[PDB]
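Chains as they are written, first to last, in the numbering used here: chain U, 971 to 1068; chain B, 129 to 372; chain F, 257 to 351; chain C, 132 to 206; chain X, 322 to 561; chain W, -17 to 104.
Backbone N, C-alpha and C define an ideal beta-carbon position, used for all residues, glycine too.
The structure under discussion appears below in the form of structure tokens.
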RNA sequence: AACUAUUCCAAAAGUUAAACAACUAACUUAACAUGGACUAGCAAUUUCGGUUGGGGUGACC
RNA sequence: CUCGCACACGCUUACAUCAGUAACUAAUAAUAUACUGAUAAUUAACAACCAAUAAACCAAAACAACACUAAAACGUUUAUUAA
RNA sequence: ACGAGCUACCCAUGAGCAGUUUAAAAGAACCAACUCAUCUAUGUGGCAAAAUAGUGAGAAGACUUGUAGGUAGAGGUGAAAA
RNA sequence: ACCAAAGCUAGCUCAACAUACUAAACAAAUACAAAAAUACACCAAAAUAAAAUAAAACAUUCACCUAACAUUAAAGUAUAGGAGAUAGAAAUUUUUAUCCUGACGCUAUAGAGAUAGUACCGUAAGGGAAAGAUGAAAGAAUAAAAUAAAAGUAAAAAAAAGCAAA
Ligand SMILES: [Mg+2]
Ligand SMILES: [Mg+2]
Ligand SMILES: [Mg+2]
Ligand SMILES: [Mg+2]
Ligand SMILES: [Mg+2]
Ligand SMILES: [Mg+2]
Ligand SMILES: [Mg+2]
Ligand SMILES: [Mg+2]
Ligand SMILES: [Mg+2]
Ligand SMILES: [Mg+2]
Ligand SMILES: [Mg+2]
Ligand SMILES: [Mg+2]
Ligand SMILES: [Mg+2]
Ligand SMILES: [Mg+2]
Ligand SMILES: [Mg+2]
Ligand SMILES: [Mg+2]
Ligand SMILES: [Mg+2]
Ligand SMILES: [Mg+2]
Ligand SMILES: [Mg+2]
Ligand SMILES: [Mg+2]
Ligand SMILES: [Mg+2]
Ligand SMILES: [Mg+2]
Ligand SMILES: [Mg+2]
Ligand SMILES: [Mg+2]
Ligand SMILES: [Mg+2]
Ligand SMILES: [Mg+2]
Ligand SMILES: [Mg+2]
Ligand SMILES: [Mg+2]
Ligand SMILES: [Mg+2]
Ligand SMILES: [Mg+2]
Ligand SMILES: [Mg+2]
Ligand SMILES: [Mg+2]
Ligand SMILES: [Mg+2]
Ligand SMILES: [Mg+2]
Ligand SMILES: [Mg+2]
Ligand SMILES: [Mg+2]
Ligand SMILES: [Mg+2]
Ligand SMILES: [Mg+2]
Ligand SMILES: [Mg+2]
Ligand SMILES: [Mg+2]
Ligand SMILES: [Mg+2]
Ligand SMILES: [Mg+2]
């Protein structure tokens, strides 16, 4: 994704009127390319035991490639979501029991 | 001479007459309001007011969306509400250099995605932004249900949504025929988005498709005048019999 | 100069004037000398002073600048603390 | 059926007898009942032209009255 | 507008089929290739370039065919031969001494002892001696012959290493192939095609060549005598 | 500059252009290339015997015209189905399910001359 | 500039060891194909200061 | 004195019969294939329109015996259905 | 936007080339039809917005020619004469 | 005395209102080579307006320029600009119904191109005309009535010598 900015300042229309655009408002400078940002990590909760990463019922951080294209399709992991998280809160409380 | 009503309003008053009048109100109210799509390519400044750096004064400030072009092949996939940016640039970024037409195209990928509710793997062209939004909303089906019409931008997204919205309002047994366990389990997590049935089949519809549908529901072969005349005659005969 | 604007149909001002001159209310215009910041090491003390002055424009220039400038810039201003308020009126002018 | 042809006019389309159903018919299938986007402009022009004609037919009649009223002021 | 290529005929026929020349024009109608058009009218003979082609899938074994006639072909430089076996005939590209009333073997079979090579014989490369002359060379096995079909051309098998053959193309470039690929043994027909003398501009027109342009172009940097080290060896062997 | 205005007719073009004047086809092209007529496509005129009947192309002048009433679906209903329906409702034998005895036809596809798709010329 | 080819970095898909020494990196790339660069081709936009015993050359400003 | 008759393409009644031509067309008259009016007319045997799918056929047109090179337009039969 | 019914070059599909000379249908020879357009004189608001009269060049070929189709202006086509 | 001259109508123009906005006419035929009743398919699509011009040249720039938001002001102000030519807001303000619709608009070289998108000119897209005048009655044409005034001619050729007159 390219994040782009205008070279010429657009005037204001404040009442809820739409801005009055001229052709010179189509000249953009390129402020960012999202694809070039240092990339983040994905946080997951494992539903089985993965070889390197860890145990069933574990919170791990991987790179989005491994997470999107291996774990999530194979049902080897689920997202970090709160509703999905409380399931393993309960599982953690009923594991250490017996 | 002059038109009595401005031509900006000819599209609107086109919808107040004829078959468009007989469309269900919730649909027309879903089309009426255009919510401002989430900023994708341009990056918005938060504040309404901003202090002018040169001037040292409080200055009113607005956000103006950057026109983005969606090629028709974007309607077959899900690009994450983004598209082609058509515009110009200065070379070297010196304002004094040549000014040149430039188009910024999204990077597209072939990825197969799994829908739980529809129980299927679609091969879809998506962007990295789409994958990040799916990640952020924690499910494919979530992402499709959880996002407004303006933010998906795809007709295919709206048809996915119409489909699984229908599957939720119906509680369709054919989802997982063998295991009602899985079925209830799945229908469970999505219970927040459940909407009635009359609403659910009109969600993803183009004005064309809508008009067509409504035309088909109204489809009737004109009633023979023999019927109508027979009913008038029975009315008259039953009021001639009851008067004596 | 634009005599009739497009949107408003009014008469625009040429800002390039507003930046380098100053109009007193009497109709006198005031300007800096040219090249007063330029190459100072090469110049006499006397000449430097002659440059540092604020000076008045002749009639022709005054009419020109007036034409290049709208009515707003000719209004009577009262500024707090203003250096030039002293100079806005004319006195003892027998003509 | 009421249809909309290439020219954006709203036309009454009479049907025709065929031995085969419509989706298997080459010749019929290459007709177009619908207008493209450019046609819209012309449609507008049509309206306007029409409106003008009506507009100055009316003004004519009105005028014919005034004249007559000063020619035969029996009122 | 749009023109349709003449090149659609689904079933193979030994009979000459009619073709439409298009002088240099693509399907859009513009000139793509300059200097082409209006030769003599030509029919086209379909050539089977897969030399090993079992008639029925029932009996897979190496089979033998008789050469009926050797005819001139307008479409290519080499002379072609009409070859019949079982119930079927096909045109194949004739080797130099192939004559009518002849016998030609087609075989996919390898063996430890190689083979004594006749002319029309087609064998897998692995089965030939290491100095042999070959033509109509496959690239991948089962693909059909592409390389070395022109008149009087011959390649040569260079060596055999690691279940693979390395051969020398007529351009003196080396080419590496699986040894399971078929090739025909010998030099292609009509060896004197090189020494033919077109007598007059007219003959060139008969061959469907339009004259060069008249514009004068100053020679550029590209021209001169460039002496380039012979290119590295092409390999169609796909490593695991 | 050729001719724009005059209509396009078989007389105008090359040999290859034959456009009928609008008579209707009586047949198809057969095996021999010869043309085959289909006896069913050729309109058969149905002509009554006029000899023993008295009416003439013109009407006597002292003969009166009449008040002009265009026939309406209603009047036709009342001259036909109304006496029968009234007779059978007064006797209580009326059956809203099957009106077929009164002359109503549920669907047209059975009978020879159908009204709505209009099977017959005249 | 675009376009057409080149080369490279990033994107995208991957793959390896559990790395080495003593008491994370590296490598891979089938066709598409994105963003930013490089080298060329093919090109795009625009211009021909004045004086001068006519202009030009020379000279001058 | 010698560009004739027909067909294709094109033109579209300018053709035919009777009548009229003061003026209109003819680069001028006489009068009329060309101006005007009225009334008629080219009749199918020629021409257009006028089957598909499989299968056997390597073998020029040239008075075609047989050949030349530049390698060549043009169909039979068999089967399956063809109102 | 519209134009390849002229013309440039193609694609399909038809058609012409008699006499004479030669073992020869050989981009040979003589010379018609046919195609060109050399030289001169006419003509110059002309018969003609490029013709007439004579005279010439080719005339089984890189030939002439009918019909239908193609390539479109930042282009096409070009035996380069912009 | 010829050629001629004179009409006052046809209609138009600009606004107002207004419902609401593709007129009229459809029997057949119309997207085969439109107007040709009748046979197994295909069907369809989008990419920023540009430049002339202004800057006394031209290279960034150049209002309006087929995208509804009007009006009184703020204001040609803040701002934006080879900081040049020029471009240019907003916050914030103001706006009382409906009827009184017409004309110091044209009158046939005008007003619509219009008697007509016709004739005609273009292969096509396309271009695109000119033209009317009797009276209550012409079912009052041995016809009756009011200009006889443009250039051009005729009635009536010219007679030494000259910007043609004074
Ligand atoms: Mg060839
Ligand atoms: Mg050959
Ligand atoms: Mg050459
Ligand atoms: Mg050369
Ligand atoms: Mg015409
Ligand atoms: Mg015809
Ligand atoms: Mg004809
Ligand atoms: Mg017959
Ligand atoms: Mg420019
Ligand atoms: Mg100069
Ligand atoms: Mg000069
Ligand atoms: Mg000089
Ligand atoms: Mg001089
Ligand atoms: Mg000099
Ligand atoms: Mg004519
Ligand atoms: Mg006649
Ligand atoms: Mg005459
Ligand atoms: Mg042509
Ligand atoms: Mg001869
Ligand atoms: Mg010769
Ligand atoms: Mg001559
Ligand atoms: Mg002579
Ligand atoms: Mg001659
Ligand atoms: Mg000669
Ligand atoms: Mg000669
Ligand atoms: Mg054509
Ligand atoms: Mg140019
Ligand atoms: Mg060119
Ligand atoms: Mg040529
Ligand atoms: Mg030259
Ligand atoms: Mg030159
Ligand atoms: Mg300029
Ligand atoms: Mg100027
Ligand atoms: Mg200039
Ligand atoms: Mg502009
Ligand atoms: Mg700046
Ligand atoms: Mg300047
Ligand atoms: Mg405001
Ligand atoms: Mg007029
Ligand atoms: Mg006019
Ligand atoms: Mg006079
Ligand atoms: Mg005198």
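Pick helix, strand or coil for residue i, following the three-state DSSP scheme.
i                       : result
residue 148 of chain C  : coil
residue 146 of chain B  : helix
residue 1011 of chain U : strand
residue 358 of chain X  : coil
residue 495 of chain X  : strand
residue 322 of chain F  : helix
residue 243 of chain B  : strand
residue 270 of chain F  : coil
residue 136 of chain B  : helix
residue 273 of chain B  : helix
residue 1028 of chain U : strand
Residues of chain B with a CB under 9 Å from the CB of residue i: which are they?
i                      : result
residue 166 of chain C : Within chain B, no residue comes near residue 166 of chain C; the closest Cβ sits about 13 Å away, beyond 9 Å.
residue 975 of chain U : 170, 171 and 194
Kindly give me the distance between the Cβ atoms of residue i and residue j, rounded to whole angstroms, as I take these residues to be in contact under 8 Å.
i                      : j                      : result
residue 500 of chain X : residue 485 of chain X : 6 Å
residue 478 of chain X : residue 449 of chain X : 6 Å
residue 196 of chain B : residue 216 of chain B : Not really, about 15 Å apart at Cβ, beyond 8 Å.
residue 294 of chain B : residue 340 of chain B : About 18 Å; that fails the 8 Å criterion.
Who are the near neighbours of residue i in its chain, counting only those whose CB is closer than 6 Å to its CB and skipping five residues on each side?
i                      : result
residue 337 of chain X : 364 and 366
residue 442 of chain X : 426 and 506
residue 346 of chain F : 282
For residue i, return the contacting residues in chain W, with the cut-off set at a CB-CB distance below 9 Å.
i                      : result
residue 353 of chain B : 55, 56 and 59
residue 344 of chain B : Ordered by position in chain W, no residue passes the 9 Å Cβ test against residue 344 of chain B, which lies about 21 Å from the chain.
Anything in chain B within Cβ reach of residue i, meaning under 7 Å, just list it in chain order.
i                      : result
residue 972 of chain U : 169, 213 and 232
residue 86 of chain W  : 354
Near residue i, what residues of its chain come up, given a Cβ to Cβ distance below 8 Å and the 5 sequence neighbours on each side ignored?
i                       : result
residue 167 of chain C  : 137
residue 299 of chain B  : 315
residue 270 of chain F  : 257, 324 and 325
residue 1037 of chain U : 1012, 1014 and 1047
residue 369 of chain X  : 333, 411, 412 and 413
Residues in the same chain with beta-carbon distance under 7 Å from residue i, minus the five sequence neighbours each way, listed in chain order, please.
i                      : result
residue 134 of chain C : 142, 144 and 164
residue 279 of chain F : 285, 329 and 330
Whose Cβ in chain U lies nearer than 7 Å to the Cβ of residue i?
i                      : result
residue 227 of chain B : 997
Interface residues of chain C around residue i at Cβ under 8 Å?
i                      : result
residue 129 of chain B : 182, 183 and 186
List the residues of chain W whose Cβ lies closer than 7 Å to the Cβ of residue i, in chain order.
i                      : result
residue 365 of chain B : 68 and 71
residue 284 of chain B : Within chain W, no residue comes near residue 284 of chain B; the closest Cβ sits about 41 Å away, beyond 7 Å.
At a CB-CB cut-off below 8 Å, which residues of chain B make contact with residue i?
i                       : result
residue 1043 of chain U : 242
TODO: Run through the segment 397 to 483 of chain X for me and flag every whole alpha helix (DSSP H) of 4 or more residues, listed as ranges in chain order.
DONE: none
Open item on the list: To test your reading of the DSSP string, which unbroken beta strand (DSSP E) runs of 3 or more residues are found completely within the segment 209 to 234 of chain B?
Closed with: 213 to 218 and 227 to 232
- [ ] Mind listing, in chain order, the continuous alpha helix (DSSP H) runs of no fewer than 4 residues lying wholly within the segment 22 to 90 of chain W?
- [x] 55 to 72
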